[PDB]
């Protein structure tokens, strides 16, 4: 509705300080009240004034030179003509973000204590809320959500359903319980944020290309952002923030170096974005400011993500304050991570990080962690660095005294290709370093393509202990002969186990000078302990004078000696074939 040209923008790609047009600061401020100095860029002055007008701003193709950030409280509405509508910080730029909009957390009355899964909140006095309003429940106590980091504090975003007196009902169930004496409540007050069809060429100075903070349903669509600093796009304390159809590339400056990060956000996500950043193309986390609650129901879909493989870290990120978030239908070059609680990767294609691993874990609070029908590729071998291809604390402190809820690690279907492992390598490692909770494993349905391999599961205990409900390896295709199904220490060894069935038909021939004949079997896979073995004689009835009793003696985790013995010890009177049909498995759960 307004343009920067209407407020005097030039936008020709060259510098135009206000001094080119105004002899005095007072004269410049008569036109641009918030100009700071005559050396400020006319393009910046014009863009900021247009934003300040309160009308949606349309930015025609041009190359706008700015020395300060374009910022707003409340609302920010900017739409360009596409990638040719360029906002470009100059070498003289100062400020935290190229574009920014910041809403408000406004104190609400305190509340009564409330249980997890409730949809009713009792305020101490009349709350200024109506249906559709958004508020944050916030616990200022350090580590109130997770002990892994100080800043992982508890709370969540609620959406008002109805209000009756001091009672406020909400539109979806609470993720967590709150003691009323420990939380402060804030109404999220913000205007309309919609940023579309522009290109930010941020350079090396600003920390963020775009910052949107404490806003309900901001929208970023069809943008291009390049930067060499901390974050291409940073959503902080936003509810239903969406960024869609955008290309974000952050070369980094050697800091946290994020492409798109959702800090203390709830709902929304990224859809159909192509993203590169040095460390984490997409990430979740937050800060330590008021309202720094966990990241929940944030969904990354249909993106392609790349990072700098030499950074050594995972490309797709969640930090340990995430709960109930996922990457879905994403192509992820350079690895992914399980952190926090209740995290899923669904139908993603994921390649390895530099260490050779594909999925790595950290800061596991507990809950369920899932690789759902993913396609996994590694060109390396993480075993020399003590990690699994899917790693849970192999060489790091991940399952600790800060892991306070039972954990379920679920690998369902999909495929895993890893041509360059050794006979020492393992597909999944979990190592306890202080936790005392059940750690359950379901490794199920996946098709595996390897050269050499040592083991499917490697389950270790450095400190702490576990009593799992289950330890399951099942329906795997592509396992080569000789591998170990699960090395399991301590409480993993005594866990209720299900292990794959092996078996076959072994011919034995009786001898007329003996009451028995035996034959050795070496299992194609090594079990964690002696499996449950069946043996049955087929394809012969009387071997002369006796049927014979089929047994196995001994049996072990690695094999068994099959035998056919006359019950009473009489020698067989004929020398003839018999088929010993054997099988082995473990079926405790």
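Residue numbers count along the first chain shown, from 1.
- Across the two stretches, 209-217 and 158-166, the PDB entry reports the greater mean Cα temperature factor for 158-166.
- The PDB entry reports B-factors from which the mean C-alpha value can be compared for 253-261 and 135-143; the larger average falls on 253-261.
- Take 403, 125, 415, 444 and read off each C-alpha B-factor from the entry; 125 has the highest.
- Within the listed group 232, 74, 334, 340, the record reports its top CA B-factor for 74.
- Sorting the modelled residues of the chain by their CA temperature factor places residue 536 in the lowest third.
- Among the modelled residues of the chain, residue 30 sits in the highest third by CA temperature factor in this PDB entry.
- Compared with the other modelled residues of the chain, the Cα B-factor recorded for residue 587 ranks in the lowest third.
- The deposited CA B-factor of residue 80 belongs to the highest third of values across its chain.
- In the PDB entry, residue 186 places in the highest third of its chain by CA B-factor.
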